[PDB]
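Visitor: Starting off with a structure, shown below.
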Amino acid sequence: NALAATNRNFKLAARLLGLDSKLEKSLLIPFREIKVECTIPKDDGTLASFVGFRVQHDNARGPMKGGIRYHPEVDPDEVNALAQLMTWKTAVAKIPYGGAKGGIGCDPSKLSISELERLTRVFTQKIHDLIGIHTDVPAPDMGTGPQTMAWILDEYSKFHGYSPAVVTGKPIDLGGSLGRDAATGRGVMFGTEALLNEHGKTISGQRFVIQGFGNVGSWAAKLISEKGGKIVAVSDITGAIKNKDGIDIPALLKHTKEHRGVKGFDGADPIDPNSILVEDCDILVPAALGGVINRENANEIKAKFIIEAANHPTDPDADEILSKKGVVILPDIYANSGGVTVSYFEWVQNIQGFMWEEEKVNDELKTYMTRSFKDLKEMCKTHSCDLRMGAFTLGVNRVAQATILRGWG
Amino acid sequence: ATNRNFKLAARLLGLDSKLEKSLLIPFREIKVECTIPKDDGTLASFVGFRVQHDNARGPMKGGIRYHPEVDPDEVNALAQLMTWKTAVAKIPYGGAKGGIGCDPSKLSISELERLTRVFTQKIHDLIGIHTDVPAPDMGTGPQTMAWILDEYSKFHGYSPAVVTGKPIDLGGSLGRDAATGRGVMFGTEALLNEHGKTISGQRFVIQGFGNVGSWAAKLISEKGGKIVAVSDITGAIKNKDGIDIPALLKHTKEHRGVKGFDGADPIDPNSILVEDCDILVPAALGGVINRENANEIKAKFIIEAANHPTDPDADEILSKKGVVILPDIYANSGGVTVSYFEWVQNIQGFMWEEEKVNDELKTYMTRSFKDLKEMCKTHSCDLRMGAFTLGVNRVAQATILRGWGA
Amino acid sequence: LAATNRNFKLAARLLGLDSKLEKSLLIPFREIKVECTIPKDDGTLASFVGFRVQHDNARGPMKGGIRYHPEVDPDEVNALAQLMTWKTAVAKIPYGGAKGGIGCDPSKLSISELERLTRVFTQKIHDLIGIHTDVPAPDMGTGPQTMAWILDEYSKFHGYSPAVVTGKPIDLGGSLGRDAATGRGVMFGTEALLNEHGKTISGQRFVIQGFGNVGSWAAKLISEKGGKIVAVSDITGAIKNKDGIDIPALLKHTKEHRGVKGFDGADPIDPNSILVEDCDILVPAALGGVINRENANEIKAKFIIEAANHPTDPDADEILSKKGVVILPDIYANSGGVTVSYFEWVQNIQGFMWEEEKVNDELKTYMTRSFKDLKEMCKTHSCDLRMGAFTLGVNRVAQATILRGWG
Amino acid sequence: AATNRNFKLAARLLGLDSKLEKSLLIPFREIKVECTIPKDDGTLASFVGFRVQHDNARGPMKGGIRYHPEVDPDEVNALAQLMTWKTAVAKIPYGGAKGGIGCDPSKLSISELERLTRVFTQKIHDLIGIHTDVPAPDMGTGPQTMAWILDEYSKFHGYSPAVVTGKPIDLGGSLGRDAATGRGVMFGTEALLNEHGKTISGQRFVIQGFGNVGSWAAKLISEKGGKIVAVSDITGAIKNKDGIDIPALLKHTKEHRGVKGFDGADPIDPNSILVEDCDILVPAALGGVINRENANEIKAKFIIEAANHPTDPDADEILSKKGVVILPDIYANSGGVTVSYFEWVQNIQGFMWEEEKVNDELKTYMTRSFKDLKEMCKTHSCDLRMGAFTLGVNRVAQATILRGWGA
Ligand SMILES: NC(=O)c1ccc[n+]([C@@H]2O[C@H](COP(=O)([O-])OP(=O)(O)OC[C@H]3O[C@@H](n4cnc5c(N)ncnc54)[C@H](O)[C@@H]3O)[C@@H](O)[C@H]2O)c1
Ligand SMILES: NC(=O)c1ccc[n+]([C@@H]2O[C@H](COP(=O)([O-])OP(=O)(O)OC[C@H]3O[C@@H](n4cnc5c(N)ncnc54)[C@H](O)[C@@H]3O)[C@@H](O)[C@H]2O)c1
Ligand SMILES: NC(=O)c1ccc[n+]([C@@H]2O[C@H](COP(=O)([O-])OP(=O)(O)OC[C@H]3O[C@@H](n4cnc5c(N)ncnc54)[C@H](O)[C@@H]3O)[C@@H](O)[C@H]2O)c1
Ligand SMILES: NC(=O)c1ccc[n+]([C@@H]2O[C@H](COP(=O)([O-])OP(=O)(O)OC[C@H]3O[C@@H](n4cnc5c(N)ncnc54)[C@H](O)[C@@H]3O)[C@@H](O)[C@H]2O)c1
Ligand SMILES: [K+]
Ligand SMILES: [K+]
Ligand SMILES: [K+]
Ligand SMILES: [K+]
């Protein structure tokens with residue numbers, strides 16, 4: 001229902017643009033799909049064989065960009081859909097990349113740290129000729145992180161010389177960008193302010209509910225409350241809390257670092273975790289899992305705005321229900337694009353051999369997301385469509401035009 | 001399954017199960033978009049692909065198929081089979097298989113050239129004289145290879161060894177037309193010698209009269225073999241005293257087929273495999289020897305010129321009747337061996353005379369039959385299992401030597 | 001062109017250049033001709049000769065346009081490549097000079113044949129050009145779409161390389177401000193030259209011949225600074241208004257018609273008399289050779305800004321110098337274009353595009369400095385602006401060449 | 001001298017498409033590079049190096065490097081094209097090229113010549129290569145020049161002996177290269193004679209020229225029983241109707257300036273050498289020595305063109321009607337280029353051959369070329385010269401067509 005939603009949205013956008021069927025078919029087929037054998041000796045000496053893979057969906061607008069997932073549940077349709085989605089997302093963000101997605105079918109929880117390094121290095125050896133600073137730039141995803149990127153960078157640099165721009169999400173000490181940690185949450189705050197301004201409103205005074213308090217949710221809550229938003233309820237995997245007068249986010253952040261989660265926070269009451277999405281508020285921010293808003297709770301949402309920080313939190317049934325209630329939904333492909341935008345800035349800084357101060361990273365991020373929202377808004381006016389459809393048509397249109405300009409022979 | 005021969009071979013060997021799993025997984029699988037402008041200006045998009053199964057023993061080798069019916073399991077099985085066949089042949093290659101999902105009968109010659117060049121552009125960094133050397137297959141031919149060579153050479157400089165099956169004027173090897181049929185004759189003499197016999201005087205039945213069948217008939221009859229019956233798609237003919245192959249060849253060039261040949265009587269095409277003879281050579285399609293006719297085969301030797309003419313049921317039946325079956329993976333390997341010789345000549349920058357091509361082919365197929373026979377003694381198995389056991393073992397030992405990085 | 005070698009040899013005289021170094025500077029680094037054969041749309045073969053003269057790379061990668069035009073003259077191509085070497089040095093951008101093209105008639109080729117020809121040409125020269133080797137650009141017969149095709153084909157051989165050509169569409173990495181660049185530079189150089197005479201653009205009365213990319217942008221930006229545009233001409237006719245032509249109003253007219261002809265707010269005039277119109281500043285921005293042995297005595301302008309290439313011939317150079325007319329030479333006056341193409345390459349190399357405000361501020365900085373350096377050479381060698389420009393460029397190339405050495 | 005007419009006649013005999021013929025005439029690539037060196041006196045000297053790469057449909061290009069002040073572009077292009085046809089006639093997997101430097105080696109010290117050779121190599125190394133373009137000696141260059149090229153090129157690409165031919169034996173030159181052209185002259189003569197039911201043994205030969213080609217041809221022909229009845233060189237002409245003792249003559253010629261004064265032969269008028277009574281005439285010195293004034297009196301039944309262009313078109317017609325069979329130079333002296341192919345092969349294969357193998361392969365190659373040449377003459381009802389050109393043009397055309405023209 002995320003792979004179905006990507007191809008449904010692409011085809012709806014292609015019809016709004018009047019795309020020729022033969023160009024549409026070209027845009028659907030990935031540039032390249034690669035599967036490689038990754039066999040390593042385990043710590044006990046015996047062999048273990050894994051399949052690594054990389055779908056490189058499109059490079060009309062620049063090098064491909066996308067995460068590397070270490071996860072046993074590999075589905076070819078889902079991986080292809082995610083690589084295709086990144087092609088549209090980078091175009092919406094107006095960063096000079098196409099989309100890719102890769103990974104290894106493995107369970108990292110069953111591998112030692114030494115086996116994970118051996119597997120990462122073998123995988124890099126098997127694909128180093130297929131990726132590259134101006135070809136395809138990987139990033140972390142489920143099951144991988146900054147240490148994984150460090151190993152990819154180190155192994156790749158044996159083959160091509162020191163090449164920090166070959167991956168993003170690196171530790172700061174190896175060329176990671178300042179502002180990366182806050183990037184997605186900060187972009188959520190920027191896009192919310194852009195949307196509210198369009199309705200003559202401002203973050204200050206608005207009441208927020210945030211489901212999820214991880215990298216995205218905690219930064220969004222911190223930065224939104226610093227602009228005067230009142231965060232009246234938050235949840236994570238350990239429980240849900242509420243304070244109608246507003247949760248003290250600095251105190252909550254201090255609580256959550258010392259405990260497993262928001263549960264037990266002194267400055268808020270615990271509440272039914274299944275009630276968080278239907279709490280009275282102005283703005284609802286799903287920032288944990290997808291599929292949480294469906295035909296069953298959609299009629300009970302009280303927010304006027306939904307900011308999709310998580311990927312695919314709303315299904316198509318709830319979209320129609322919420323549209324008819326007058327709820328405005330800022331779509332995920334734009335709302336959480338602060339992360340991929342600052343990953344572009346990381347690559348830029350590495351390419352330029354010179355890192356930026358955090359203020360510059362955040363000022364460029366604001367510039368980029370203001371421009372994307374304006375272009376998204378103009379697409380909606382041009383095609384008389386909602387925000388989700390404006391973002392897909394914007395992204396598809398940019399890729400189609402770059403493809404047409406470059407030609408076919 | 002199509003893995004049955006491999007899995008049986010891994011058990012005759014003592015193959016560690018984790019190494020066995022590794023040998024099954026292909027080194028690399030690639031799918032690329034191939035989009036071209038058609039003659040009418042509109043776009044056409046195709047998917048090109050290449051399964052690179054194994055390169056422990058050297059560059060990968062395998063055909064390029066232009067055909068609308070792509071089956072991933074079959075492409076993978078054929079690439080894996082090539083890995084074992086090159087090892088049986090003792091040529092320094094692994095296996096690969098590739099193609100484009102397209103229908104060439106619906107594409108103009110200029111569109112086919114454009115598609116071939118775009119496909120080459122999309123894979124040029126994945127193939128190479130010491131990496132992966134393609135060849136013709138269904139839907140492709142020497143002209144296709146010429147276009148691949150020409151486009152590849154724009155990216156890497158002039159590289160004639162990057163494909164085999166090229167036209168002679170572009171570095172193709174002499175003796176390629178006859179190679180598979182000649183190897184069928186070489187392999188038959190090697191098997192017969194082991195039984196204290198020779199081709200001269202033996203009665204052959206040959207099903208199929210194409211590139212393999214006609215060359216085998218011509219060369220076997222020139223060694224004194226009596227070709228008593230032949231068939232093709234147009235009909236079957238018989239002459240108990242021996243068919244005049246030179247006359248039949250002249251007839252087939254002028255009449256589209258063996259049908260109507262003067263000097264042979266016509267027979268039921270469905271009875272050719274059970275004709276009385278010494279040596280049966282299926283050289284047309286696979287699956288023609290099965291559990292329904294196997295008990296009625298009269299030959300003492302079956303030479304598998306075609307790919308998989310005998311199914312496992314017939315193997316069992318024919319073994320207990322005392323019939324010796326020269327397996328396809330060895331018997332028709334003259335083709336892949338001479339394609340190695342083509343690559344060698346290109347690498348050496350100097351072409352061989354046909355006499356040298358044929359002498360080296362005889363040496364290679366004699367030595368490979370010798371090693372296959374020794375494998376059969378070691379493991380007390382038939383020829384087919386000796387061949388798979390030989391090929392898997394060679395790949396396994398090269399893989400173990402190269403290691404995994406510790 | 002013996003006129004381009006005349007300015008070079010004079011500059012080599014003024015500097016103390018060793019005669020063997022002078023000979024070296026004349027000889028191009030490389031000259032390449034390649035066969036470009038394509039199937040035509042009707043199936044038959046067509047063969048063209050593509051070429052690239054790479055004149056000098058002492059100061060950095062070579063830079064120069066690609067011309068699709070049937071009338072190829074080897075002398076002219078060499079002269080333009082050499083002139084680009086001095087011009088990049090005058091602008092102080094880290095490039096040398098090159099010039100290339102294909103002898104073909106684009107008006108006789110379909111858009112499909114033109115794409116095929118461009119890709120084949122690229123395949124035939126891809127190993128001879130490159131991001132840090134030689135960076136082509138549009139010229140007569142080519143444009144942004146041509147550069148897109150070169151970029152796309154080149155990238156098959158070397159990976160995505162947006163900095164390999166300049167003049168790209170904005171969507172493929174072209175720079176903001178490229179359209180206005182040459183005209184903006186013409187205006188920048190005019191203000192610098194006037195300030196040296198204690199004057200400002202504001203109030204000066206301009207005649208501009210040509211209303212194309214250079215002329216219309218020059219006319220627009222000069223008028224916004226208070227310049228009085230008293231006469232303008234193009235291929236369709238000439239107009240005059242002693243109080244100044246309303247350029248925003250003229251721009252609306254000229255985009256909806258074939259030209260300035262019929263413009264309300266200006267009276268029509270004889271097209272062949274615009275160059276001798278009473279004014280302070282004359283801006284030839286159309287073709288070359290329009291200032292010659294006979295009209296030199298009747299131009300009323302005290303300043304001539306060479307927006308077009310070589311609008312003044314040596315005979316008029318002699319006449320106007322003795323008449324006290326100041327000529328801002330083409331090699332500096334129109335260098336805004338090549339300077340912003342350098343900025344486009346910089347932005348692609350840096351992986352990050354600039355705002356237009358930054359492009360135009362950098363353009364002002366570069367053209368201010370080159371005018372300052374050019375004026376200093378005129379003092380050192382007691383020469384006119386044209387020789388100050390050539391001595392500045394030749395000297396920069398000579399010093400880089402000497403430092404890099406031989407062996 | 002450079003009659004390009006043979007090609008056009010061959011293209012019509014083959015019925016070549018007119019657009020394909022035009023493509024075959026246009027060179028793949030023409031390159032001019034600056035070669036500037038410090039001279040021994042410290043000052044700079046600038047030279048122009050060049051390479052015409054005519055065709056590579058059949059494989060890497062092959063051709064000499066000329067150090068000579070008289071560079072003519074039309075001549076260089078014609079020679080590169082001729083090499084394309086000659087390699088095709090010989091059936092060696094090469095196309096044609098020709099290059100050089102405009103310089104006078106007699107005015108350069110050996111240190112300057114080395115510096116110039118290394119600078120030239122640095123300026124073209126990316127344009128040539130073991131599988132791209134393989135240079136060789138020519139006028140003004142020799143084995144030592146090739147050694148310097150090999151050495152400089154190998155700094156950029158690792159040890160690459162196959163990048164040039166004509167190397168000293170110690171750096172990968174082939175055994176049998178010295179005798180190659182003369183031996184090929186002897187092979188082609190025997191092949192031609194067999195077609196007429198004759199053999200070398202007993203035939204009477206007259207040989208003009210006693211250098212690398214003439215002396216080896218004479219030595220090998222007499223060892224096959226040919227009677228060498230008259231020989232000439234730059235010093236004079238000598239005659240012996242019973243046959244000259246070539247081993248004795250060779251020993252005489254190293255101790256003197258020439259065949260003049262040889263004790264085993266009487267001197268003859270040097271202007272009568274071509275009209276001497278014999279069976280086989282072998283011009284092996286200069287071109288143009290057979291023309292309309294001596295043609296009617298040639299006594300030979302066969303003419304073996306060892307030198308380049310010894311018979312002009314006028315004599316071809318005269319001698320054809322007298323029934324004289326002329327073995328054309330493009331084939332007759334191809335032993336040299338064939339053994340240079342064998343040198344490349346040996347270097348590529350990392351393992352040098354014995355002289356016996358070189359000479360056996362040369363016999364195989366030249367026997368086959370003569371058979372293909374003779375068959376072309378039957379197909380197209382033409383003489384030996386046109387059979388050779390149509391054979392070579394046809395091979396290049398067929399390779400070009402097979403490789404195709406898509407992008
Ligand atoms: N981090 C980024 O830059 C980024 C960018 C794009 C999209 N996203 C999307 O954002 C979402 C969250 O990302 P993250 O990086 O913050 O993840 P994270 O792992 O840092 O945090 C996820 C949070 O959700 C909470 N959570 C998990 N399951 C829950 C449940 N059932 N109910 C309530 N809370 C639950 C966790 O406890 C945690 O607080 C995912 O859908 C992800 O795809 C993240
Ligand atoms: N040719 C090679 O180099 C090579 C290599 C490996 C394996 N093989 C195998 O050899 C077999 C034959 O290949 P080929 O190149 O000789 O083919 P081909 O197309 O040149 O000739 C095939 C012959 O089989 C006959 N035939 C076709 N269908 C028939 C039918 N239903 N009944 C009877 N006769 C029939 C045809 O009339 C023809 O005489 C194939 O199975 C192929 O996989 C060939
Ligand atoms: N455009 C640049 O960036 C640039 C840079 C360097 C040099 N130049 C030189 O500047 C000149 C003009 O370039 P452009 O880009 O403005 O050209 P353009 O194609 O934009 O048009 C120039 C204008 O001149 C007019 N014109 C043409 N012929 C005329 C004539 N005989 N009389 C009067 N008007 C005439 C045209 O109608 C048009 O209005 C050319 O010589 C060019 O090489 C331009
Ligand atoms: N050597 C080769 O490999 C080779 C290959 C192709 C073509 N050729 C052609 O062969 C011819 C000779 O080649 P070579 O290597 O033997 O040259 P060389 O310099 O070794 O010998 C030339 C000989 O001709 C004699 N000679 C010069 N001028 C003469 C004249 N006017 N009358 C009579 N004799 C005269 C000289 O004294 C000398 O004996 C030239 O046309 C050359 O282009 C040579
Ligand atoms: K695509
Ligand atoms: K494997
Ligand atoms: K120079
Ligand atoms: K050509």
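All residue names refer to the structure tokens as shown: chains lettered A, B, ... in order, residues numbered from 1 in each chain, ligands numbered from 1 in order.
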Residues of chain D within 6 Å of chain C, using only C-alpha atoms, as a PyMOL selection string?
Guide: chain D and resi 19+28-34+44
Visitor: Atoms to include: N, CA, C and O atoms. Write the selected residues as a PDB file, in the first residue's frame.
Guide:
```pdb
ATOM      1  N   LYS D  19      28.180   7.789 -51.806  1.00  0.00           N
ATOM      2  CA  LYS D  19      28.356   8.363 -50.479  1.00  0.00           C
ATOM      3  C   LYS D  19      29.354   7.566 -49.661  1.00  0.00           C
ATOM      4  O   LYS D  19      30.088   8.140 -48.845  1.00  0.00           O
ATOM      5  N   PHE D  28      39.815   9.546 -41.051  1.00  0.00           N
ATOM      6  CA  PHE D  28      39.301   9.424 -39.691  1.00  0.00           C
ATOM      7  C   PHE D  28      39.690  10.632 -38.841  1.00  0.00           C
ATOM      8  O   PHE D  28      38.841  11.242 -38.186  1.00  0.00           O
ATOM      9  N   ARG D  29      40.963  11.017 -38.872  1.00  0.00           N
ATOM     10  CA  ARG D  29      41.450  12.079 -38.005  1.00  0.00           C
ATOM     11  C   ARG D  29      42.681  12.709 -38.631  1.00  0.00           C
ATOM     12  O   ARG D  29      43.530  11.993 -39.172  1.00  0.00           O
ATOM     13  N   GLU D  30      42.773  14.046 -38.561  1.00  0.00           N
ATOM     14  CA  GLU D  30      43.998  14.779 -38.855  1.00  0.00           C
ATOM     15  C   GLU D  30      44.370  15.611 -37.640  1.00  0.00           C
ATOM     16  O   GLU D  30      43.537  16.367 -37.128  1.00  0.00           O
ATOM     17  N   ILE D  31      45.630  15.504 -37.221  1.00  0.00           N
ATOM     18  CA  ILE D  31      46.136  16.085 -35.983  1.00  0.00           C
ATOM     19  C   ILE D  31      47.375  16.914 -36.287  1.00  0.00           C
ATOM     20  O   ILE D  31      48.308  16.414 -36.920  1.00  0.00           O
ATOM     21  N   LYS D  32      47.410  18.154 -35.801  1.00  0.00           N
ATOM     22  CA  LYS D  32      48.634  18.954 -35.779  1.00  0.00           C
ATOM     23  C   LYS D  32      48.869  19.394 -34.347  1.00  0.00           C
ATOM     24  O   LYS D  32      47.928  19.864 -33.697  1.00  0.00           O
ATOM     25  N   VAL D  33      50.103  19.220 -33.845  1.00  0.00           N
ATOM     26  CA  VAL D  33      50.457  19.572 -32.466  1.00  0.00           C
ATOM     27  C   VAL D  33      51.719  20.427 -32.472  1.00  0.00           C
ATOM     28  O   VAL D  33      52.626  20.223 -33.287  1.00  0.00           O
ATOM     29  N   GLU D  34      51.802  21.366 -31.527  1.00  0.00           N
ATOM     30  CA  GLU D  34      53.033  22.133 -31.346  1.00  0.00           C
ATOM     31  C   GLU D  34      54.102  21.300 -30.632  1.00  0.00           C
ATOM     32  O   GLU D  34      53.831  20.661 -29.608  1.00  0.00           O
ATOM     33  N   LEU D  44      64.482  28.757 -27.592  1.00  0.00           N
ATOM     34  CA  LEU D  44      63.362  27.925 -28.007  1.00  0.00           C
ATOM     35  C   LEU D  44      63.333  27.735 -29.519  1.00  0.00           C
ATOM     36  O   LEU D  44      63.627  28.652 -30.288  1.00  0.00           O
TER      37      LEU D  44
END
```
Visitor: As number ranges by chain, please: every protein or nucleic acid residue near ligand 6 (cut-off 10 Å, counting only C-alpha atoms and all ligand atoms).
Guide: A: 36-39, 49; B: 19-28, 52-56, 80, 399
Visitor: Quick one: residues within 9 Å of residue 5 (chain A), only C-alpha atoms counted, chain neighbours fewer than 6 positions away excluded, as a list in words?
Guide: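 So the residues in contact are residues 312, 315 and 316 of chain A.
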Visitor: Output C-alpha atoms of each residue in that selection to a file, as a short mmCIF file (atom, residue, chain, number, x, y, z; two decimals), in the first residue's frame.
Guide:
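Writing the result to again_14.cif gives the following:
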```cif
data_model
loop_
_atom_site.label_atom_id
_atom_site.label_comp_id
_atom_site.auth_asym_id
_atom_site.auth_seq_id
_atom_site.Cartn_x
_atom_site.Cartn_y
_atom_site.Cartn_z
CA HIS A 312 2.63 7.13 3.80
CA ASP A 315 -4.18 5.89 2.96
CA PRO A 316 -6.27 6.99 -0.06
#
```
Visitor: Any residue with an atom at most 6 Å from ligand 3 counts, using only C-alpha atoms and all ligand atoms. Which are they? Put them as a list in words.
Guide: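 Checked against 6 Å with only C-alpha atoms and all ligand atoms; the hits are residues 182, 209, 210, 211, 212, 213, 214, 215, 233, 234, 235, 285, 286, 287, 288, 307, 308, 309, 334 and 337 of chain C.
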Visitor: My list of candidates is D:10, D:246, D:366, D:348. Which is closest to chain B when distances are computed with only C-alpha atoms?
Guide: D:348
Visitor: Extract the full set of strand (DSSP E or B) residues from region 160-370 of chain B according to DSSP on the backbone, and format it as a VMD selection string.
Guide: chain B and resid 203 to 207 226 to 232 235 to 238 265 to 267 279 to 282 289 301 to 303 310 324 to 326
Visitor: Limited to C-alpha atoms, could you put the picked residues into a file as a tab-separated table (two decimals), in the first residue's frame?
Guide:
```
chain	number	residue	atom	x	y	z
B	203	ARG	CA	25.64	-47.49	-38.73
B	204	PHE	CA	24.39	-44.06	-37.70
B	205	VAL	CA	20.93	-42.58	-37.45
B	206	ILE	CA	20.91	-38.78	-37.34
B	207	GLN	CA	17.80	-36.79	-36.42
B	226	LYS	CA	27.41	-45.61	-42.67
B	227	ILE	CA	24.60	-43.06	-42.33
B	228	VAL	CA	21.57	-45.34	-42.64
B	229	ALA	CA	18.77	-42.86	-41.86
B	230	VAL	CA	18.33	-39.07	-41.57
B	231	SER	CA	15.39	-36.82	-40.73
B	232	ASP	CA	14.60	-33.10	-40.49
B	235	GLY	CA	10.58	-35.72	-43.46
B	236	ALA	CA	12.70	-38.81	-42.84
B	237	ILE	CA	14.73	-40.94	-45.27
B	238	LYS	CA	16.43	-44.33	-45.02
B	265	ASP	CA	13.44	-44.38	-49.25
B	266	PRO	CA	11.06	-42.20	-47.19
B	267	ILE	CA	10.06	-43.48	-43.74
B	279	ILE	CA	24.83	-45.15	-33.02
B	280	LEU	CA	21.91	-42.74	-32.58
B	281	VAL	CA	22.58	-39.00	-32.94
B	282	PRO	CA	19.69	-36.73	-31.88
B	289	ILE	CA	14.06	-39.60	-26.09
B	301	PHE	CA	25.51	-45.56	-28.26
B	302	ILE	CA	23.58	-42.29	-28.16
B	303	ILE	CA	25.55	-39.12	-28.98
B	310	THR	CA	17.17	-37.58	-23.24
B	324	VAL	CA	26.03	-45.64	-23.43
B	325	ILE	CA	24.92	-42.00	-23.66
B	326	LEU	CA	27.53	-39.35	-24.52
```
Visitor: Just to confirm, what's the straight-line distance from CA of residue 56 (chain A) to atom 43 (O, counted along the ligand's line) of ligand 1 in Å (one decimal)?
Guide: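 The value is 19.5 Å.
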